[PDB]
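Input: a single structure, listed below in structure tokens.
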Amino acid sequence: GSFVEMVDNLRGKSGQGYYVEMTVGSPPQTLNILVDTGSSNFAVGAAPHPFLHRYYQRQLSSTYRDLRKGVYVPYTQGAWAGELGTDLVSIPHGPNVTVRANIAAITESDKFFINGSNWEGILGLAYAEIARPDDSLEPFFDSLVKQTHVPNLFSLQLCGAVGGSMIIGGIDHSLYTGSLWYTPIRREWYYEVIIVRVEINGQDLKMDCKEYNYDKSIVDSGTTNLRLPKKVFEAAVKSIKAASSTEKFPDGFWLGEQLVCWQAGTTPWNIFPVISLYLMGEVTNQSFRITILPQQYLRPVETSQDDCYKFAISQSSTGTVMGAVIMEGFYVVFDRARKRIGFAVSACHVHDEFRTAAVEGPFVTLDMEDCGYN
Ligand SMILES: C[C@@H](NC(=O)c1cc(C(=O)N[C@@H](Cc2ccccc2)[C@H](O)CNCCC2CCN(Cc3ccccc3)CC2)cc(N(C)S(C)(=O)=O)c1)c1ccccc1
């Protein structure tokens, strides 16, 4: 397709985050940047760190402009402190443009960088509302759209076990099968969506849909897990246990505190259930559902003869987070121009001969507006 040079522009090292190459400054300094739809700051390591092999050297960039302002960003996991400035930025396997963007130079950090992950910075792709220090700091994608012809849309295919594609300015049809189904972006801060029903192996969890979105639900490539509010998590685990009852696992397995390992190639995927989230559709009273497999929610942990797994659905107190566990099933289109997020079955998603991830619709769901928290 026309976007062929952007295909396979993502990498990941042992499932520690999906990253794209970005080139900053003049002369060029290329760094590996984690793609994060769950935050809105573009920040790069800019000083030595034990887990960094490279970092941004501002003094070597003739085009660097100091903003004379500090910045601090805490995440659910980790935090960093740094210094704001602007510089020229291109994505060599992305759009054919160069923009002047805000960049946070990370000088100190706590549990942010990940040993062996091979990434050295983060690209926050969400909206200005959640940027630090405040919403006046234009996020990267906003700058790209304001300064260039590039359409206000990007799409992500995260390929689990690895790699994937970030298509910028459009969609590449080779990256998915079947149809794309869209859910509204409820509000432009996080990529906020509304979940209207949850099923485990076709069985309705039967919770009030308000519980699924308390206090928000977001699509977040920078978060590994499917994170669920406590009440929802507990109900989900109870149902998943019931569905997989032909095998018993320690309580701590469901809490992510214990791993279970199988002999290489023998993992009984079939004994674990599929999980479906229904999302609000584009038409009144219309929904669709996305369905993931245990291959998505049971994550490998790297004897070479043993395949060890961690259960990667976990508890949150800050609403639902549809992280990599969800996104790895799908090609996800962040259609900012039309304030909607599209899902289609990923051409690269991990499955088996018996089951596949699915995106299906339409369904009829009433009173979906009520599901959202106010
Ligand atoms: C890079 C790595 N990410 C993580 O290991 C990870 C990052 C995060 C995380 O915070 N990611 C942020 C970006 C990041 C951080 C650190 C290293 C690399 C990337 C995202 O930006 C978070 N997105 C926003 C989440 C909301 C934040 C605000 N809050 C509400 C709140 C709470 C307190 C105070 C104010 C507001 C709700 C959730 C979280 C978590 N979890 C808590 S978990 C075990 O359930 O999966 C795991 C990864 C590995 C594989 C695939 C994708 C990503």
Side-chain angles (χ1 to χ4, degrees), residues 37-38 125-127 151-158 167 170-173 175-221 226-229 232 236 274-293 296 319-323 325-347 349 356-374:
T37 63
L125 287 163
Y127 299 93
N152 188 20
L153 177 155
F154 66 91
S155 54
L156 290 171
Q157 189 206 44
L158 305 183
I167 310 305
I171 289 157
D172 186 297
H173 300 292
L175 302 182
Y176 69 97
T177 56
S179 297
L180 277 159
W181 287 87
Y182 291 93
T183 194
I185 295 177
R186 182 186 187 212
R187 195 225 294 193
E188 297 157 298
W189 55 333
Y190 301 96
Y191 289 99
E192 181 180 7
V193 298
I194 296 294
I195 294 161
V196 302
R197 180 177 171 109
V198 177
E199 294 176 354
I200 310 295
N201 253 10
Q203 181 185 58
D204 183 5
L205 206 51
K206 289 179 300 180
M207 301 185 70
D208 191 308
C209 69
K210 288 162 185 163
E211 299 283 14
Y212 300 146
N213 311 284
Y214 183 65
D215 61 351
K216 61 190 164 293
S217 301
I218 71 169
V219 185
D220 182 357
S221 66
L226 171 59
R227 307 187 64 226
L228 301 166
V232 183
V274 299
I275 297 175
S276 295
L277 302 180
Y278 289 65
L279 301 171
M280 174 184 298
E282 303 179 279
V283 166
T284 301
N285 297 333
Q286 170 261 321
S287 60
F288 64 101
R289 74 179 176 215
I290 64 177
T291 301
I292 63 164
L293 308 177
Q296 278 72 243
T320 289
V321 181
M322 298 157 66
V325 162
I326 291 290
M327 297 182 67
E328 288 175 5
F330 311 105
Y331 185 42
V332 182
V333 177
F334 292 78
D335 187 348
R336 297 158 52 105
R338 292 181 64 172
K339 288 182 41 70
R340 62 182 188 170
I341 298 180
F343 290 82
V345 174
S346 174
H349 84 277
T356 173
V359 181
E360 300 162 312
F363 300 96
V364 176
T365 309
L366 304 182
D367 298 311
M368 289 186 292
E369 226 61 53
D370 293 341
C371 298
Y373 173 74
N374 297 117

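The first residue of the sequence shown is numbered 1, and numbering continues consecutively from there. Atom set for the values below is all heavy atoms of this structure, side chains included, hydrogens, waters and symmetry mates excluded.
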Quick one: CD1 on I275 to CD1 on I326, what's the gap to the nearest 0.5 Å?
-> 7.5 Å
Supply the atom-to-atom distance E199 CD to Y278 OH, rounded to the nearest 0.5 angstrom.
-> 3.0 Å
Would you check if the side chain of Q296 reaches a backbone N or O of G329 as a donor-acceptor pair within less than 3.5 Å?
-> no
Kindly give the heavy-atom pair with the smallest separation between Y214 and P229, and that separation in Å.
-> O-CG, 3.5 Å
Say whether, by atom type as modelled, one donor and one acceptor occur between the side chain of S217 and the main chain of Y212 under 3.5 angstrom.
-> yes
Is a salt bridge present between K210 and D370, judged by a nitrogen-to-oxygen distance below 4.0 Å?
-> no
Do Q157 and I167 pass the side chain to side chain contact (heavy atoms under 4.5 Å, CB included) test, and can you show the C-alpha distance, the side-chain angles, and the key distance before you say yes or no?
-> CA-CA 8 Å; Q157 189 206 44; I167 310 305; over 6 Å; no
In Å, rounded to the nearest 0.5 Å, how long is the span from CD of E369 to SG of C209?
-> 10.5 Å
Would you confirm whether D335, through its side chain, and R340, through its main-chain N or O, come within 3.5 Å as a donor-acceptor pair?
-> no
Does any non-hydrogen side-chain atom of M207 lie less than 4.5 Å from one of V198?
-> no
Any idea which heavy atoms bring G281 and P184 closest together, and the distance?
-> O-CD, 3.5 Å
Shortest non-hydrogen contact between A344 and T177, atoms and distance | CB-O, 4.1 Å
In this structure, CZ of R289 is separated from CD of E360 (nearest 0.5 Å) by 4.5 Å
Audit row: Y176, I171, side chain to side chain contact (heavy atoms under 4.5 Å, CB included) steps and yes/no = CA-CA 10 Å; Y176 69 97; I171 289 157; 4.0 Å; yes
Which atom of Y373 lies closest to which atom of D215, heavy atoms considered | CD2-O, 3.3 Å
Beyond-backbone contact of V333 with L153, side-chain heavy atoms, under 4.5 angstrom | yes
For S287 against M368, the heavy-atom pair lying closest together | CB-SD, 4.1 Å
Just say parallel, tilted or perpendicular for the rings of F330 and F343, cut-offs at 30° and 60°.
-> perpendicular
Provide the closest heavy-atom pair for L180 versus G342 in the form atom of the first, atom of the second, distance.
-> CD2-C, 4.1 Å
So how far is it from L125 CG to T37 OG1, rounded to the nearest 0.5 Å?
-> 7.0 Å
Under 3.5 Å, side chain of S155 to main-chain N/O of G170, donor-acceptor pair present?
-> yes
Report yes if the side chains of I292 and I290 come closer than 4.5 Å at any heavy-atom pair, otherwise no.
-> no
Does the pair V232 and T320 meet the rule for a side chain to side chain contact (heavy atoms under 4.5 Å, CB included), with working shown?
-> CA-CA 9 Å; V232 183; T320 289; 5.8 Å; no
Roughly how far, to the nearest 0.5 Å, is the CD1 atom of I341 from the NZ atom of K339?
-> 10.0 Å
Do the rings of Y191 and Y127 sit parallel, tilted or perpendicular, given the 30° and 60° boundaries?
-> tilted
Give me the one residue out of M322, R187, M280, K216 that meets side-chain contact (heavy atoms from CB on, under 4.5 Å) with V193.
-> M322
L279 vs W181, side chain to side chain contact (heavy atoms under 4.5 Å, CB included): CA-CA, chis, key distance, verdict = CA-CA 10 Å; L279 301 171; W181 287 87; over 6 Å; no
Among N152, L156, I185, the one residue meeting side-chain contact (heavy atoms from CB on, under 4.5 Å) with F334 | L156
